[PDB]
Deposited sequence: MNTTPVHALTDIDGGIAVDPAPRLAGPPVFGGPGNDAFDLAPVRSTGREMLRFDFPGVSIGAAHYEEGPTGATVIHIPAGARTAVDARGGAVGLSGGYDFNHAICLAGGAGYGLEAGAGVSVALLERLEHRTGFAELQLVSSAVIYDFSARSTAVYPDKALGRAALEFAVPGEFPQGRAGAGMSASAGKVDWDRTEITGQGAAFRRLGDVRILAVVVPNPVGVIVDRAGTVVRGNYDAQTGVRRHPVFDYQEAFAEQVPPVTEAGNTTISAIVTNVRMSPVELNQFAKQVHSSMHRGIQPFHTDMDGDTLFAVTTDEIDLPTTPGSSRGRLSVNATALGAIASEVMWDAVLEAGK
């Protein structure tokens, strides 16, 4: 039962990027998650003038990726099956520009080599975060460059940081929408490593493992948050008749087919912690990335069961890491 963070009513007429001398800020959030995942780096930058920002996951070696662009209102660039970086940003479709800044920065680091096998590949996805503030500032090329420059191994800024600066949840009615943030979680099991990163800007609300609504759809008249379905069902009885962007990164080798099905499974699992989810109103996009370092055993047995060690098993574990990250974003 956290204190409310109501976003408040829309403001119109606000200034855009051209109005300011915009200075990127290295986002620190409310606290830093630290973890051990060699070969992965994360950077987060924001403009205070939005407030809005971008979060970049950089895997300099490049990593095989599956994309599950499941929502009805997706803002995606690249969506490549192999990436050197994933860029998550505010600013609606304008914020895809941040990924261009990452791309060209990587081209510069590569000394402008352009062989087809050396192209630097950045996939980007965005949230609409303009209802949560009163400017039109968006993550631009310079901000994406800055988020990459700020990237370091083994750290993630929780909360209002990067793409999470103006993320919000619970959009039955804007008077009940609350600011979320971005979140991350990490587990290591044996040699296996799983990192989840999420920027929940859902139409739905964030739900914990007990089924409590913990962020979004807060009614100041009652002091209580509501699951949206209670609102929806009563709206129907009255009147008829009268986005989350996310990444899961692991080091377990998966074939393209396993990796794709892993992405679908983990993404669907997020309907536990975000409700409703995968709606027409949402642009929900999950990237499943593997650094392809650790083999699963050829056969799937253990003391825990004959079918206990396989990609589905990994997907179930990763689903829990992701739920933890969603709850960090809503905290």
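Colleague: Which residue ranges of the deposited sequence are not present in the modelled coordinates?
Modeller: Residues lacking C-alpha coordinates: 1 to 18, 261 to 266.
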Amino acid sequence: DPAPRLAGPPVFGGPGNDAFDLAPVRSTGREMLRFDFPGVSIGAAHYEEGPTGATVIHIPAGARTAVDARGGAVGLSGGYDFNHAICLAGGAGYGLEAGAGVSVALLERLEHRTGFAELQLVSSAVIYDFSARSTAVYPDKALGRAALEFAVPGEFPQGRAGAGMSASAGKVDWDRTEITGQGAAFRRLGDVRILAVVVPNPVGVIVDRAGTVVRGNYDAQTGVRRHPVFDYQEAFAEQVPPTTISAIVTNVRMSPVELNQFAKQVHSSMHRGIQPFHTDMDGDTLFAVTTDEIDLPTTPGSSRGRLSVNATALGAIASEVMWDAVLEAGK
From here on, numbers count along this sequence of modelled residues.
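Colleague: Between 293 to 301 and 278 to 286, which has the higher average C-alpha B-factor in the PDB entry?
Modeller: Stretch with the greater average CA B-factor: 293 to 301.
Colleague: Higher mean Cα B-factor in the deposited model: 187 to 195 or 95 to 103?
Modeller: The recorded data point to 187 to 195.
Colleague: Considering only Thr52, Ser269, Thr28, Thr55, which residue's Cα atom bears the greatest B-factor as recorded?
Modeller: In this record, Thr28 carries the highest C-alpha B-factor of the candidates.
Colleague: For the C-alpha B-factor as written in the entry, point me to the maximum among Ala169, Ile248, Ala237, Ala89.
Modeller: Each of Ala169, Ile248, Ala237, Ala89 was compared by C-alpha B-factor; the highest is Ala237.
Colleague: Going by the CA temperature factor in the PDB record, which third of the chain does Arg306 belong to: lowest, middle or highest?
Modeller: Its C-alpha B-factor belongs to the highest third of this chain's values.
Colleague: If you rank every modelled residue in this chain by C-alpha B factor, which third holds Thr212: lowest, middle or highest?
Modeller: Its C-alpha B-factor, which the entry lists for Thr212, ranks in the middle third among residues of this chain.
Colleague: Divide the modelled residues of the chain into thirds by Cα B-factor and specify which third, lowest, middle or highest, holds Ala147.
Modeller: Tercile = middle for this residue's CA B-factor.
Colleague: Check where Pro15 lands among this chain's C-alpha B-factors and tell me if it's the lowest, middle or highest third.
Modeller: According to the entry, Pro15 has a C-alpha B-factor in the chain's highest third.
Colleague: Taking the chain's C-alpha temperature factors as the reference, tell me which third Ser134 falls into: lowest, middle or highest.
Modeller: Top third by C-alpha B-factor.
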